[PDB]
Every structure is written in C-alpha cells, then in structure tokens.
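Shown next, in structure tokens, is the structure this report addresses.
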Amino acid sequence: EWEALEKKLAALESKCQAXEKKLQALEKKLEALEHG
Amino acid sequence: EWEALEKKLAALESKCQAXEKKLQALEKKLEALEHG
Amino acid sequence: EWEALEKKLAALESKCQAXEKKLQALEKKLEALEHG
Ligand code: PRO
Ligand code: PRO
Ligand SMILES: [Cl-]
Ligand SMILES: [Hg+2]
Ligand SMILES: [Zn+2]
Ligand SMILES: [Zn+2]
Ligand SMILES: [Zn+2]
C-alpha cells in the first residue's frame with residue numbers, strides 16, 4: 001500500500017512536469033509573436 | 001493520517017487535470033492571436 | 001518514510017499552485033493583447 005502511494009505521487013510529479021514544459025513552450029511562442 | 005493524505009492527493013490530481021484544461025484553452029487563444 | 005511521503009506531497013502541492021500563478025499571468029497577457 002505505501003508503494004502504491006509512492007507510485008501515485010511519482011505519476012503526479014511526471015504529469016505536472018510535462019504541464020510545466022507545455023507552459024514553457026506557450027510562453028516561448030508568445031514571446032516570438034510579440035517580437036515578430 | 002492515511003485518509004487525510006489520500007484526500008489531499010485526490011484534490012491535487014483534480015487540480016492538475018483542471019490545470020491541463022486551462023493550458024489547452026490558452027494554446028487555442030495564442031493560435032488565434034497569431035492567426036489574426 | 002511516512003514523513004518523506006508527506007514532504008513529497010506538500011512539495012507537489014506547492015509546485016502545482018506556483019504553476020497556476022504562472023498560467024494566470026499568461027492568461028492576463030493573452031486577454032490584454034486580444035482586446036487591446
Ligand atoms: O516592452 C518591451 O520591450 C516589448 C517590446 C515588444 C513588445 N514589448
Ligand atoms: O500589473 C500592474 O501593476 C498593472 C495593474 C493592472 C494592469 N497592470
Ligand atoms: Cl506586444
Ligand atoms: Hg500540477
Ligand atoms: Zn510496502
Ligand atoms: Zn496562424
Ligand atoms: Zn478575451
């Protein structure tokens with residue numbers, strides 16, 4: 001049961017880290033447009 | 001203790017899912033701003 | 001081990017909340033530009 005909790009936390013971290021990456025990509029595309 | 005942690009984990013999973021839905025809507029918003 | 005699980009969850013909650021603040025700032029920039 002503690003391993004299952006550890007796995008859920010690790011999967012949530014993975015999801016959020018990808019989320020952060022997609023947000024970084026959006027900000028970069030907006031910067032290219034404003035400076036285009 | 002166990003139930004209090006599960007409650008917070010479930011709330012965090014729901015928050016991260018809503019976080020993704022917002023990010024997808026902003027992506028469409030940026031695309032429209034560039035396309036105009 | 002339990003304390004480490006609690007510490008991980010709290011760090012993930014703080015990270016998602018910082019994520020939300022950054023998304024809100026991006027949304028405000030997109031709203032300002034699309035109606036400006
Ligand atoms: O504040 C500035 O420097 C940038 C220049 C392009 C749009 N805004
Ligand atoms: O960020 C600021 O300080 C101002 C107040 C709203 C619009 N920009
Ligand atoms: Cl601009
Ligand atoms: Hg998140
Ligand atoms: Zn175990
Ligand atoms: Zn276009
Ligand atoms: Zn708008």
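Chains A, C and B supply the protein sequences, listed in that same order. Residue numbering for the first sequence follows the entry's author numbering, beginning at 1 and increasing consecutively. Residue numbering for the second sequence follows the entry's author numbering, beginning at 1 and increasing consecutively. Residue numbering for the third sequence follows the entry's author numbering, beginning at 1 and increasing consecutively. The beta carbon of each residue, even a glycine, is placed where N, CA and C say it ideally should be.
Residue-level contact to chain B via CB, residue i, 8 Å cutoff
{"i": "residue 21/C", "result": "no"}
{"i": "residue 66/A", "result": "One cannot answer for residue 66/A here, as it falls past the ends of chain A, which runs 1 to 36."}
Neighbour flag for residue i against chain A, beta carbons, 8 Å
{"i": "residue 13/C", "result": "yes"}
{"i": "residue 8/B", "result": "yes"}
Sequence-distant residues of its chain with Cβ nearer than 8 Å to residue i (five each side left out)
{"i": "residue 26/A", "result": "none"}
{"i": "residue 35/C", "result": "none"}
Exposure of residue i, with buried meaning 16 or more beta-carbon neighbours within 10 Å
{"i": "residue 33/A", "result": "exposed"}
Beta-carbon spacing of residue i, residue j below 8 Å
{"i": "residue 48/B", "j": "residue 9/A", "result": "This structure leaves residue 48/B out entirely; chain B is present only between 1 and 36."}
{"i": "residue 22/C", "j": "residue 23/B", "result": "yes"}
{"i": "residue 16/A", "j": "residue 15/B", "result": "yes"}
{"i": "residue 3/B", "j": "residue 2/A", "result": "no"}
Contact with chain C by residue i, beta-carbon distance below 8 Å
{"i": "residue 3/B", "result": "no"}
Same chain only: Cβ atoms within 6 Å of residue i, ignoring 5 sequence neighbours per side
{"i": "residue 18/C", "result": "none"}
{"i": "residue 28/B", "result": "none"}
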